Amino acid sequence: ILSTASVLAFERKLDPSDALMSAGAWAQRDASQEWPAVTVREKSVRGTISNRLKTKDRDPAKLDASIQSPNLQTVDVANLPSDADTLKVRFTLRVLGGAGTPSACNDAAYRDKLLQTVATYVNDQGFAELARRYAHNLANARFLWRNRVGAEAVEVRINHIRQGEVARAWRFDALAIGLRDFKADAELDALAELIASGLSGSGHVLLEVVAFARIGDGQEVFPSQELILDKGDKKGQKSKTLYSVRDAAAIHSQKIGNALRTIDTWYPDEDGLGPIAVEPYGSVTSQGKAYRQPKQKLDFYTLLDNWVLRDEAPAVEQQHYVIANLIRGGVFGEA
Amino acid sequence: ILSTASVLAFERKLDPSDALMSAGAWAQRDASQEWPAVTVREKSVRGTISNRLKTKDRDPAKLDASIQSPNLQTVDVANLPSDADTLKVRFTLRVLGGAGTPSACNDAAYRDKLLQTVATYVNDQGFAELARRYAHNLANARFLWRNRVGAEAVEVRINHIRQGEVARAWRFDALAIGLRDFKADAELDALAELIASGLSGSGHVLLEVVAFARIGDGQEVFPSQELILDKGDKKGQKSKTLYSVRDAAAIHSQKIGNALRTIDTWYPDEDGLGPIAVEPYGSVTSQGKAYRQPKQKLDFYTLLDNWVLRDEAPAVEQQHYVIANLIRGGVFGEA
Amino acid sequence: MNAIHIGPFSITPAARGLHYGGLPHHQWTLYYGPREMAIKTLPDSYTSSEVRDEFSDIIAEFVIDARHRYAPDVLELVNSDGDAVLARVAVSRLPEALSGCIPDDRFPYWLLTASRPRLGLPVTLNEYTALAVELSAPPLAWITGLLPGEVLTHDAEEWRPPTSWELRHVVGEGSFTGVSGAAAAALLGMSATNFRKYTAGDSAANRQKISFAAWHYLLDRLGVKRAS
Amino acid sequence: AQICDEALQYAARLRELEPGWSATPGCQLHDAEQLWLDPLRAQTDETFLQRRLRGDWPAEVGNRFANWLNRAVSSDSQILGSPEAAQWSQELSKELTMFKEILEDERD
DNA sequence: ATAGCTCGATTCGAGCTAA
DNA sequence: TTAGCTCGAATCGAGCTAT
């Protein structure tokens, strides 16, 4: 009857590293190899009562008493130097290949059927649309999450590191290439073919991606935020902790991977939001909602079950979504 | 059914940088590019008991014995050089735009209704009065909190930066523009138009803000104060530490932002105090009280709920206050 | 001796013994299906009751952790202020109209989740009564978290009959419901021998697989699913 | 009262340790409470810390323990709004002033 | 959707043992 | 209450039909 496998673990393609933040001045970014790193430091914040009150704390005496005892805490803060207006963020990306092959599979017949399904996809249309959209999210600085919202000029440089050396160099204007449209461009097409060769398994590709953002002198930059155990004293609370590896502000690799993953424009709801990350049940953390609900028969699992088990191939857009979710990887199958 | 969302986080507009202190001589402001920075310095203080006693410590023998052992403390102090009477305080400000769009939300219907409300406001009354008041708080050195309370002359310069170069420069006398009146001036009108273009999303607005205050030769300046974990002894208590980034006395960016938000002249109490910082429940730390109590229905939350849900648009002043609260950002929205 | 079966659990002894002190001993290991839970070295002079009492505490803490892990999510009926809880209902699933909500004064009654980011909608007492009637959770709804989703589905084309081990979660005296096999057969209007044929071990020639209607009516009558 | 009695007992049983454990190196060693934790350091330090402990008479240790108890009490706003927190603070003040009077005459 | 059939496999009840 | 077991009888699924 060819039921689905209980264990369907997949390994991820498109492996990014931690993205390190350094700082410097515009028009000296061609010699940015020795730019000083952005350092996460401590500052003190004093806050008032600015949250909603539950109809019992709205008493004027209680509210004023809460004012007389403000919350004192220290926060991890990352800022550019006062003589530097450009933020440099550098990471390396490795594209593996072999997306349809699971890392663990209970059923051999289901494994073979899934391999035939993915091979039929690649033979019909290869990793060309998906790689083009991944190259688009590389060209624009979407991995530069909050450091791009107010940057005046953003430039992304992507190199192909073959034997430890730049075999091919790309330079992009990350603001001309927006965060909404997946258009066509010759350099975008070349990077798309490179990522396609990586995803197909034709050759080994390693991409060094460097983004420069002209934000301003001494302006705040935004690395990834860590978890606080919340055990110390209230005055030295450490309400905000920033991610660094060796005294250098950094962005988590999975955040970079999530920003590169933002290629899903095929979800049933409208195009007002634009692309979203290719996740099962189309989850967006900021909106707190799930596009591609399982009730709407457009999530990853129902589409994969219809495509593989019972040969109901969906539309080519949903096929792109399914293959991008297999590239994304995850612990599929019933636990 | 349009209920308000449980998360309504907003990102801040008008992002200020940390304001660095350097010192020098008046009439050298045009050559103040390489002024020496004001350095936080260590000094030892010894004082007698001066606090109020609780009627049980008023024993003359015990009071005299306490005076026999006065408290010993070390504190951080910031002073000008002896051959320098002018304080230079420099920071940068980014005006972003897109105030009514939340960064995190649950309900899509609430988000759409709130965006429609903000668009209706911007169409009917654009970012003009708010920008005028922000330009006023930028042209009077209110961000020089205790550094202009007794200065002979305060002079602030505003520059507009596109390519690392000044696009247009503003020269202001911060004592002529008082801390009380939001008047009209042609240079102030031009700066307000620039702030309006920044807040409307029309273009990029980056401003460096340099303020010169003639205080006196070797006088004390007042940077931002940090917190002490108090893990030392009772002789070197370290009862006061001051904020600095790299051996240079500095003011916290949130303090500059609080000084820039002091535009709220519409609170129900009498405005003889003057403008206050825009914030929910109008809670000023200096007086320890809350103008715009939720009981008088003039706080940010009740006005926003009535404007968006019930479509009860408040007075134009109150909606100016609400949009200023959207500009400052917040973590609005309880469970 | 011989293996002790307590519902889904099994205490099997080691084949070879040992001597601790001067007395013979065997290692008794506790299982939950294929998951080994604990091993104890016990004297050969213990009876089955003492061996069972040695693992009773581990079984009890497993039961407590299973009740707290798979407890049904709770909906709360609040007033316009959103502070006072007027009624609490535990539901097997949430209403599909739940969105991010803070109660207003436009409606007197609001139904909200007990989760910290609260989801809800304005509700009348009639609508709240209807939702509580058609969404309530049975008192032993936590046992469904210990069972796979392909035995608890109402879709007959996606349904699989439960195994003997999955039956013993709810049918035995050492099970999580605490009813006997004869009581379970009386609930289904079935002979006790025919129902024992359902929970027969693998070392048996007469084994029967329970049907869709019988299994789901058993779950209804046991208070595990579809009982509100 | 039982918590404060156990605190006094715990200091009394730390009194049987080495006389100079408070002088060991360390970034965090609770120097404010080390005056009360090790009375016996005054014997070896005739002029370093004996006169400081005699003249200072550290009673802020009671304040720190009261802050710890405030951290150890349930954060109920209903009690804080009502007079229940007032009675609790009054009885806490009585127990802490008794405890401070216990620590006052430690130099005898 | 109604209405009904055959045929081999599975279930079912009421005896029974076994503990 | 657990844990099974025959033995004939009724039921079950999946093939076909008919109307």
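Chain naming here is simple, since letters A, B, ... match the order of the sequence lines and numbering starts at 1 in each.
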With north defined by a positive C1'-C2'-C3'-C4' torsion and south by a negative one, F:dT17 has a sugar that is north

Span that lies between the [atom1] atom of [M] and that of [N], in whole angstrom:
N: F:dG13; M: E:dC5; atom1: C1'; answer: 14 Å
N: F:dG15; M: E:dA3; atom1: P; answer: 24 Å
N: F:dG8; M: F:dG4; atom1: P; answer: 24 Å

At less than 4.0 Å, is any side-chain N or O atom of [X] found next to OP1 or OP2 of [N]? Yes or no.
X: C:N194; N: E:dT11; answer: no
X: C:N206; N: F:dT6; answer: yes
X: C:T193; N: E:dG13; answer: no
X: C:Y198; N: E:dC12; answer: yes

Charged tip of A:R292 within 45° of A:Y267 ring normal and under 6.0 Å: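 No cation-pi geometry.
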
Looking at C:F55, is C:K40 sitting on its ring face, NZ or CZ under 6.0 Å from the six-membered ring centre and within 45 degrees of the normal?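 Geometry flag: set, cation within 6.0 Å and 45°.
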
Are side-chain heavy atoms of A:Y291 and A:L273 found at a separation under 4.5 Å?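 The answer is yes; the side chains approach within 4.5 Å.
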
Which of the following nucleotides, [options], is nearest to the side chain of [X]?
X: C:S180; options: F:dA3, E:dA14, F:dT1; value: F:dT1
X: C:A205; options: F:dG4, E:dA14, F:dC5; value: F:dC5
X: C:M190; options: E:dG13, E:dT11, F:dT1; value: E:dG13

Per nearest nucleotide of DNA chain E, the residue lying toward the 5' end, C:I210 or C:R196, is C:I210

Check the orientation of A:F300 and A:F332. Use parallel for under 30°, tilted for 30 to 60°, and perpendicular for over 60°.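 Ring orientation, 0 to 90° scale: tilted.
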
